[PDB]
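Residue indices begin at 1 and follow the sequence shown.
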Amino acid sequence: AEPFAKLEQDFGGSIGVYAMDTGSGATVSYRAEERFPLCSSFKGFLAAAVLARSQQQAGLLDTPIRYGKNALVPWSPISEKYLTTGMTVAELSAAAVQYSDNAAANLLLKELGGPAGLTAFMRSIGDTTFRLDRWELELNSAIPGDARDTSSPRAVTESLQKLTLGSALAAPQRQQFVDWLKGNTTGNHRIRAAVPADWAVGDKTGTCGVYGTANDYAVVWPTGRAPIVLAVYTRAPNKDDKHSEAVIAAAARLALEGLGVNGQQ
C-alpha cells in the first residue's frame with residue numbers, strides 16, 4: 001500500500017490498481033473496488049461485445065457501414081479517412097480499439113443498442129460493476145463522484161481475463177480480441193512502458209482529458225510464465241488537473257513487482 005500511496009501523493013490524485021497472476025492466482029489490489037471513469041477504455045469491451053454478437057450473427061464483422069459526415073465527432077481520424085468508402089464492422093472495431101476512434105465507437109454502440117446494450121453484455125459475463133451510460137463525447141466528463149460511465153480496476157481486470165483468456169468468447173473471437181489489443185497504438189507510454197520490449201502485451205487506454213483521469217488495462221506475457229492481467233486507473237479532484245502517463249507506467253511496475261514480475265535484466 002505505501003508505495004502506491006506515495007505515487008498518489010506526488011501525482012496529486014487517486015490511483016486504482018488490480019493485477020492478477022493467472023498462474024498462481026496471486027493478486028495486487030489498491031483502491032481495486034473504487035469507481036473510476038472508463039473514458040475510451042470502454043472501447044475494448046465494446047469490441048469484445050461485437051465479437052460475441054458475431055458468434056450468433058453470421059457475417060456481422062464483414063458488414064459494411066456507410067456513415068455520413070454527421071457521424072464524424074472529434075477524435076475520429078480513421079473514420080474521417082474512410083468516409084467516402086465506409087468501413088466494415090471489423091474495421092470499425094479495430095479503429096475503436098487501436099486508435100480510440102470516437103465515430104467508430106458510436107457506430108458500434110448503435111449496432112449493440114447503445115450504452116445500455118454494452119452494459120447488458122458486461123452483465124452477461126458476470127460483471128456487475130461496469131456501466132456505460134452515455135455516448136461519445138459526453139461519457140468523458142469524469143466528474144468526481146459521478147457513477148456514470150465508470151467501472152472498478154478489479155471488475156475491468158476480471159472481465160478482461162474472462163474475454164481474453166477464459167471462456168467468455170469462442171476461440172476464434174477470443175484470438176481476434178487478443179490480436180486487436182496487441183495491435184493497439186495508443187499505449188506505448190503506459191503498461192507497455194513498464195515491461196521489456198520482448199514481452200507480448202495487449203492493451204486499451206482511456207484518457208478523459210479532464211480531472212486527471214486516464215487509464216490502461218492489459219494482458220501481459222512475461223517470458224516463460226503465465227500471463228498477468230491488470231488494470232490501472234487514475235482520477236484527480238480538479239477539472240484542470242493533468243493526467244500522467246508516467247504515473248500509470250509506475251503503478252504498473254509496482255503492481256507487477258508485487259506479483260514477483262519485474263522487467264529487471
Quick check on side-chain contact (heavy atoms from CB on, under 4.5 Å): which of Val50, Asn106, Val89 does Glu111 satisfy it with?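 When side-chain contact (heavy atoms from CB on, under 4.5 Å) is applied between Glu111 and each of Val50, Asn106, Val89, only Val89 qualifies.
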
Distance only, no hydrogens: is a donor on one side chain within 3.5 Å (strictly under) of an acceptor on the other, for [X] and [Y]?
X      : Y      : answer
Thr129 : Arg154 : no
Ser159 : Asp127 : yes
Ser100 : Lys204 : yes
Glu8   : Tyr30  : yes
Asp101 : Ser79  : yes
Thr205 : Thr186 : yes

When clusters are formed by joining ILVMFWY residues with side-chain heavy atoms under 4.5 Å apart, either directly or through shared neighbours, do [X] and [Y] land in the same one?
X      : Y      : value
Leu132 : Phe45  : yes
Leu107 : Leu83  : yes
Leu109 : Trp180 : yes
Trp75  : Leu72  : no
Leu38  : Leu139 : yes

Test of understanding: with ring-ring contact (aromatic ring centres under 6.0 Å, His included), list the residues that count as partners of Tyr99, not counting sequence neighbours.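 Here no residue qualifies.
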
Do you know which two heavy atoms are closest between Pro237 and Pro144, and how far apart they sit?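 Closest heavy-atom pair between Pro237 and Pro144: O-CG, 4.0 Å.
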
Within a reach of under 6.0 Å around CG of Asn70, are more than 12 heavy atoms found that belong to other residues, nucleotides or ligands?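 At most 12 heavy atoms, drawn from other residues, nucleotides or ligands, come within 6.0 Å of this atom.
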
Can you tell me if CZ on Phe11 sees more than 12 non-hydrogen neighbours from other groups inside 6.0 Å?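 Atom CZ in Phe11 is packed in, count exceeds 12.
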
Would you call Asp216 and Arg192 a salt bridge, using N to O less than 4.0 angstrom?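 Looking at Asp216 and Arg192, the cut-off is not met.
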
Measure up the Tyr217 and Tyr233 rings against each other and bin them: parallel (under 30°), tilted (30 to 60°), perpendicular (over 60°).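 Because their plane-to-plane angle is under 30°, the rings of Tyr217 and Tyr233 count as parallel.
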
Spell out, as yes or no, whether a donor-acceptor pair under 3.5 Å connects the side chain of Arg190 to the backbone of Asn215.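 Yes; at least one donor-acceptor contact below 3.5 Å.
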
When you measure from the side chain of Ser76 to the backbone of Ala103, do you find a donor-acceptor pair of N or O atoms at a distance under 3.5 Å?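 Yes.
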
